[PDB]
Amino acid sequence: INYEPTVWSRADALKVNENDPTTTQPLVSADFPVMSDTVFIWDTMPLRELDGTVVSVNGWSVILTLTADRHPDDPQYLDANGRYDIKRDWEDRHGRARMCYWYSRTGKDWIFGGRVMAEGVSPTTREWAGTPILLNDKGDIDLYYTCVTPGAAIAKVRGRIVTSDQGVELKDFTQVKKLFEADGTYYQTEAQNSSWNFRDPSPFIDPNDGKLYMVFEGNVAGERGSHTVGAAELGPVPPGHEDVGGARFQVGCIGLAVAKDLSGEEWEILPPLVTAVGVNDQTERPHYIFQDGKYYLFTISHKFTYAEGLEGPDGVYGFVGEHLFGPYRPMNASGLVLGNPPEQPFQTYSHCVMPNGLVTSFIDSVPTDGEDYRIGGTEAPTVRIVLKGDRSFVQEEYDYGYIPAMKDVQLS
Amino acid sequence: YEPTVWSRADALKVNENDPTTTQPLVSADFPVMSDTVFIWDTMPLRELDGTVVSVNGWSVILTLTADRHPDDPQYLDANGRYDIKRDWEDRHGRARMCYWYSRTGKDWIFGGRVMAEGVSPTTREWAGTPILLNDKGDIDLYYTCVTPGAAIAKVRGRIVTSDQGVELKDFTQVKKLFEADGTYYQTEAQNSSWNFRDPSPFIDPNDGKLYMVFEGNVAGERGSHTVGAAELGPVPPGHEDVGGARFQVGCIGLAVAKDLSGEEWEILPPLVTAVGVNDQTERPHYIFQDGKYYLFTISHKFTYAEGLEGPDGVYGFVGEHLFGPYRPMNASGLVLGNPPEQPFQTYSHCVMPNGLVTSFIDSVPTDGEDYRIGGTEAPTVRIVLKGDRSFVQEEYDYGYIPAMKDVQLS
């Protein structure tokens, strides 16, 4: 299987408008509530089927979160005056990340369910994001996730959900199987770049050929600093935008893999679907909506992972087309689907666009009086978007962490 | 077929600050082509497939033209001050078609009036398209006769050339082809500011029939139109109020000819409508490229409805079928906008199939809070089209309109 990737060019990124009211996330309130005073949560992963549908089980909604403890009373984060450095505690989350689950009858007011896997089950101490798939009405679940440090592998672990009128348990996630890692020909490896990105599996059944595929975040293969920013990467920039500076250091891509069969036990990597060399280093958490005969491929990125000479917000970006292997076109012409507002540029991250149009994200940093800011580590308000052809439009907002079921599955 | 709606929600995506869709700045010291006439809307000689053509090596353009009056007491105050801005605003009622020619596609030589005074049924001769019909030099000039009423019309004539230049001759009998009907397009009785003008004929690349697009307004008594869900589109919270938007009712119209002679026309329903968005979708014209129909139209900042903001310049809609549906170029519709620091520098853009875009100079700011009037050609600029998007490229000299193909007369 061979196909050329869709290039997200610099010329495309010069169309990004951070001030478009149709593509701006609503402002998060400075007095947002926090789901936990003992843990931070961030990347949130709704339970779903391989076709994309977000599901409850026996009337319980279930989400997985990356989770790290809070350390307010810990001397290493306390200065001479006993002030707590929450910002540093929050920045330290990534090395402590573990998968936990939460549940609710209502799609909000989440009840903590605890760790998915016992400590030591994961091959790496870090357990980074992926997708929990409900496989059947017996309650079997495949959790696809990323094992990081040493190395980075996309992995899966099988377990089960059981419920009662009192709540949910996830059990028996006891054997992790690594599936694949970066190869060095299509996707950049650790030996080529110790800051390589390789993570966030999103598995699905393709609506057209019915095979099991996954997309994931990668980087375009090649030694750090070797990539070329040539015509394709620059695109048809206007006069005075020819200089790229050190843009060749930014090399994000959305990757694709295909399973040998529908069990998803053996995978083969395919070439990059969408590349952003010279544009942005991080095309994170890629995921699809299948709607109106089109593939809508969304990906999250940061203002500060852009190449020199470009400006855009943290938030959701997207590419659309009629065929799984492309070519794709940038949503809203620039690629930007939902950007943080410029007055609160880091208020939310790790958005997940669900097929009902609702978009969930977590709160990162919200400005407060005195040119300060508060840390979130909790769910943001959900907001709905509508897709129309190659364009999107932001609509109304919902409560914090609202993630309703699209379908309820009753267990056998 | 149902029209494509350009909605308010689409228009809220218009970005006046995008470097890929901004016209280059016009220099304060631009040259003027004539110190005796203003020119504005410029119409290159072309074939019915869109190709811009020279004839025996001569490029030819038509312009709307009006005299300048710098020594006329009606524009002069007691102190000798010349009200050029008023003279320029008064051009519309003095408009006549003239032609110009050049071996080089610039440094245009004045050819004079196309039609003798009195040939046109109306004194005003407003814009359209000159079509070179064959290698004998026959030409159909499609144009608009305005006041009283507004009719799309045509007049047949011919071009002859020599080593010394070009003549356009024998344009002596105008035939009116059609006017607004009142069910598809708005009429004078429904709105005395009705828009109905600017014919752009072409042979469709798919069915081989002769059609034309033109500027209209959606039919209905002034003030009666509804700005409902389709016109509003999926606006975000806080953008529900439309104020007086139902008074802005621009559309791009379509008509079809009985046969390839283009002597008898039937109107068809509007292709693209902008009720509640903008009153003026002017000079519609196509490029046929990459299996698509790119339909461009020019509009003004000051013809937008309340609650919307966009620049003077070129807008566009793209699709795969003549009858639609079409999608707005660059998501918002904007293709090339004037820069916000010189918002009225150019107008009446004509995108040619080689990507070059010609426009005229209107007003350019100068030293102080002052400005200069144009009435002369602006620098040509090239755009490139990529799917449903466009990107501005390099600029060329003032009024550069090179031929795509030369036709030797037999």
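S.K.: Help me out: how do you make sense of the overall build of chain A in this one?
M.R.: Each helix and strand counted, chain A has 3 helices and 26 strands in total. Compactness check: chain A gives a C-alpha radius of gyration of 20 Å against a globular reference of 22 Å for 412 residues, within 12% of the reference. For chain A, contacts bridging at least 24 residues in sequence account for 64% of all contacts bridging at least 6.

S.K.: How should I be thinking about the UniProt feature "binding site: sucrose" in chain B in this particular structure?
M.R.: All names here are of chain B. The sites that UniProt annotates as "binding site: sucrose" are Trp40, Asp41, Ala127, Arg197 and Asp198. Topologically, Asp41 is positioned in strand β2 (residues 37-44). With a relative accessible area of 12%, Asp41 lands in the buried category. What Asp41 contacts, discounting residues up to four positions off in sequence, is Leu62, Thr63, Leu64, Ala127, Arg283, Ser348 and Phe360. Non-local contacts of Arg197, meaning those with residues more than four positions away in its chain, are made with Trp126, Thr144, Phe214, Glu215, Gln280 and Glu282. Side chain to side chain, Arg197 and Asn195 meet in a polar contact 3.2 Å long.

S.K.: What is the right way to look at the UniProt feature "active site" in chain A in this model?
M.R.: Residues and elements named next belong to chain A. The positions UniProt marks with the feature "active site" are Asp43 and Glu284. Of the residues just listed, which span 242 residues, no C-alpha pair is farther apart than 11.0 Å, and they cluster in one region. Along the polypeptide, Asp43 turns up in strand β2 (residues 39-46). Under the relative-accessibility criterion, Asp43 is labelled buried at 10%. Contacts of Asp43, omitting those with residues within four sequence positions, involve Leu64, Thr65, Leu66, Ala129, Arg285, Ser350 and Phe362. On the basis of relative accessible area, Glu284 is assigned to the buried category, the value being 11%. A polar contact of 3.4 Å, which involves the side chain of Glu284, links it to the side chain of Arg199.

S.K.: How should the interface of chain A and chain B be read in this particular structure?
M.R.: A common way to report how large an interface is uses the accessible area buried once the components associate. Every contact between the two is made by 26 residues of chain A and, on the other side, 27 residues of chain B. Together chain A and chain B conceal approximately 2000 Å² of surface at their shared face, both sides included; 60% is due to carbon and sulfur atoms. Looking at the side of chain A facing chain B, the largest losses of area belong to A:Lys15, A:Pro236 and A:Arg391, adding up to 30% of the total buried there. Where chain A meets chain B, there are 2 salt bridges. Notably, a salt bridge pairs B:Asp10 with A:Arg391, separated by 3.2 Å at the nearest N-O pair. Linking chain A with chain B are 8 residue pairs in polar contact, by the criterion used here. For the side of chain A that touches chain B, the secondary structure elements donating two or more residues are α1 (10-13), β24 (381-388) and β25 (391-400) of chain A.

S.K.: So what exactly am I meant to see when it comes to the UniProt feature "active site" in chain B here?
M.R.: Residues and elements named next belong to chain B. In the numbering adopted here, UniProt assigns the feature "active site" to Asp41 and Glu282. By the element assignment, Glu282 lies in strand β16 (residues 282-289). On the accessibility criterion, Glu282 (9% relative accessible area) is buried. Those residues within four positions of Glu282 in sequence are excluded, and the remaining contacts are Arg197, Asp198, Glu215, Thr297, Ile298, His300 and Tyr347.

S.K.: Any chance you could explain the sheet that holds strand β12 (residues 199-205) of chain A here in plain terms?
M.R.: Within a beta sheet, neighbouring strands are joined by backbone hydrogen bonds and run either parallel or antiparallel to one another. Residue and element names in this part refer to chain A. Within the open sheet, the 5 strands sit side by side as β1-β15-β14-β13-β12. Their pairing is mixed. The sheet is open, and its two edges are formed by β1 (6-7) and β12, each paired on a single side. In this structure, strand β13 (residues 212-219) lies alongside strand β14 (residues 252-259), joined through 7 bridges in antiparallel fashion. Across the sheet, residue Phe216 finds its bridge partner in β14, namely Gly255.

S.K.: Before we go on, may I ask you to explain the pairing of strand β10 (residues 165-169) of chain B in this structure?
M.R.: On a regular strand, one side chain projects to one face of the sheet and the next to the other, so that they alternate. Residue and element names in this part refer to chain B. Where strand β9 (residues 150-162) lies against β10, 5 bridges are found, and the strand directions are antiparallel. Bridge assignment links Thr161 to a residue of β10, and that residue is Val166. Counting the residues between successive antiparallel strands, the hairpin from β9 to β10 contains 2 residues.

S.K.: Can you help me understand the UniProt feature "binding site: sucrose" in chain A in this one?
M.R.: In the numbering used here, UniProt assigns the feature "binding site: sucrose" to A:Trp42, A:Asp43, A:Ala129, A:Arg199 and A:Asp200. With respect to the helices, strands and loops of the structure, A:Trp42 is situated in strand β2.

S.K.: For this particular structure, what's the right way to read the packing of aromatic side chains?
M.R.: Within a pair of aromatic rings, the relevant descriptors are the distance that separates the centres and the angle that separates the planes. All names here are of chain A. Enumeration according to the criterion identifies 55 aromatic pairs over all chains in this entry. An angle of 35 degrees between the planes, with centres 6.1 Å apart, marks the rings of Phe304 and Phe346 as tilted. You can see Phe304 sitting in the loop between β17 (294-301) and β18 (315-321) and its partner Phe346 sitting in the loop between β20 (336-339) and β21 (348-353), a full 42 residues away along the chain. With a relative accessible area of 68%, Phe304 lands in the exposed category.

S.K.: Sorry, what's going on with the sheet that holds strand β4 (residues 59-67) of chain B here?
M.R.: Residue and element names in this part refer to chain B. If you walk across this open sheet you meet the 4 strands as β2-β4-β5-β6, and the pairing is antiparallel. The sheet terminates laterally at β2 and β6 (109-113), the two strands that pair on one side only. For this sheet the average axis-to-axis angle between neighbouring strands, irrespective of direction, equals 35 degrees. As defined by bridge partners, strand β5 (residues 96-102) adjoins β6 across 4 bridges and the pair is classed as antiparallel. From the neighbouring strand, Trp100 faces β6, where its bridge partner is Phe110.

S.K.: Even after reading the chapter, I still don't get the environment of B:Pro121, so can you show me in this structure?
M.R.: Residue and element names in this part refer to chain B. As for its placement among the helices and strands, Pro121 is situated in the loop between β6 and β7 (124-132). In this structure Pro121 comes out as partly exposed when scored by relative accessible area, which is 43%. Taking the C-alpha atoms as reference, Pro121 lies 8.8 Å from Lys176; in sequence the two are 55 residues apart. The contacts of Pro121, once residues within four sequence positions are left out, are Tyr143, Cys145, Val174 and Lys176.

S.K.: When you look at the side chain of B:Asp138 in this model, what are you seeing that I'm missing?
M.R.: All names here are of chain B. Among the secondary structure elements, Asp138 is positioned in strand β8 (residues 138-146). In this structure the side chain of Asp138 is engaged in a polar contact, spanning 3.4 Å, whose partner is the side chain of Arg156. Excluding residues that lie within four positions of it along the chain, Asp138 makes contacts with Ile131, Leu132, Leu133, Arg156, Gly157 and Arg158.

S.K.: How do you make sense of the environment of A:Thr131 when you look at a structure like this?
M.R.: Residues and elements named next belong to chain A. With respect to the secondary-structure elements, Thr131 resides in strand β7 (residues 126-134). The spacing of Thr131 and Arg285 is 154 residues in sequence and 9.9 Å in space, taken between C-alpha atoms. Not counting chain neighbours up to four residues away, the residues in contact with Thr131 comprise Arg48, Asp142, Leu143, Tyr144, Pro201, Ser202 and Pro203. Side-chain polar atoms of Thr131 contact the backbone oxygen of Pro201, separated by 2.8 Å.

S.K.: Please explain the state of the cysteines as it appears in this structure.
M.R.: In a disulfide, the sulfur atoms of two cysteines are held together by a covalent bond. Under the defined criterion, the tally for this structure stands at 0 disulfides over all chains. Not part of a disulfide, A:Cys147 finds its nearest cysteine sulfur in A:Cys100, a span of 16 Å.

S.K.: Just checking my understanding: could you explain the pattern of salt bridges for this structure?
M.R.: Any two side chains of opposite charge can pair, on the condition that their charged atoms come close. Within the structure shown, the criterion is met by 43 salt bridges over all chains. Note that A:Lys156 and A:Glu265 form a salt bridge whose closest N and O atoms lie 2.8 Å from each other. In this pair, A:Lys156 sits in strand β9 (residues 152-164) while A:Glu265 sits in the loop between β14 and β15 (267-275), placing the two residues 109 residues apart along the sequence. In this structure A:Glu265 comes out as partly exposed when scored by relative accessible area, which is 30%. For B:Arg158, the salt bridge identified is with B:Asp170, shortest N-O distance 2.6 Å. With B:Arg158 in strand β9 and B:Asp170 in the loop between β10 and β11 (174-179), this pair connects stretches of sequence that are 12 residues apart.

Basis of the calculations
Residues numbered from 1 in each chain as written, not as in the entry; some residues may be left out. Chains lettered and ligands numbered in written order. Heavy atoms only, no water. Residues with missing side-chain atoms left out of burial classes, pairs and counts. Helix = DSSP H or I, 4+ residues; strand = E, 2+ residues; numbered from the N terminus. Rg over C-alpha atoms; globule rule 2.2 N^0.38 Å. Contact = heavy atoms within 4.5 Å. UniProt positions renumbered as here; feature names shortened; annotations may be inferred. Buried < 20%, exposed > 50% of the residue type's maximum accessible area, 1.4 Å probe, protein only. Polar contact = N/O pair within 3.5 Å; in protein donor to acceptor, adjacent residues only side chain to side chain. Buried area = accessible area lost by both parts, 1.4 Å probe. Salt bridge = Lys/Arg side-chain N within 4 Å of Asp/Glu carboxyl O. Pairing = 2+ DSSP bridges. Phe/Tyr/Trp six-rings, centres within 6.5 Å; stacked < 30°, edge-to-face > 60°. Axes fitted to C-alpha atoms, helices over the stretch in contact; angles between N-to-C directions. Disulfide = S-S within 2.5 Å.

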